[PDB]
């Protein structure tokens, strides 16, 4: 229950819990890469109007099976969505998704095309995760591709220019940068009891490899200039 992957999953849920609670009441939210809808229950209990987008139709089909009434699912990738939509967004959420379009675009193009509104971004910084090798979490660079193994699952990802992305964000927003290591809030996830969360935070405080994993998942709290 205290594997590196389980603790990473809980800390990710902690950040998502705090970020979604922090959105201004009644915001019109764009969630980039909504996927299978893990954040559905967090949006469901808030006064928010949410549009969840994704490039993969199969992922959105799963999200539809239990989607809240305040979430609308659109099968469009970020760049195509921002062009076509009539919506005016007042908050942008992007949890572990932006590194995909950043790998195929100039980071200033992605940043300039984001709606000019507050945002929360969680993104792996591959250069800070490289070489971490634990039984349930590993990141290796194979030629030009990143192989991120999380338990018995492997994500193959392309490189993106993290350094250019951070400078692009600073040109458009007041940026507050952090990482998952900064999280203290218990995830909304009912399966993570207060006793389990206490044990996970105690493990993080005592294990440098776990700290390195959480430190490589960068958080950005953005307010437009």
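Positions refer to the first chain, counted from 1.
For the pair 67-75 and 115-123, the mean B factor over Cα atoms is greater in 67-75.
The deposited model assigns a higher average Cα B-factor to 139-147 than to the other stretch when 139-147 and 85-93 are compared. Highest CA B-factor among the listed residues (53, 28, 45, 180): 45. In the PDB entry, a CA B factor belonging to the highest third of its chain's modelled residues is recorded for residue 134.
Among all modelled residues in its chain, residue 109 ranks in the lowest third by Cα B-factor. Looking at the C-alpha B-factors along this chain, the one for residue 221 belongs to the middle third. Residue 7 sits in the lowest third of its chain by CA B factor, as recorded in the PDB entry. Placement of the Cα temperature factor of residue 192 within the chain: highest third of the modelled residues, per the deposited record.
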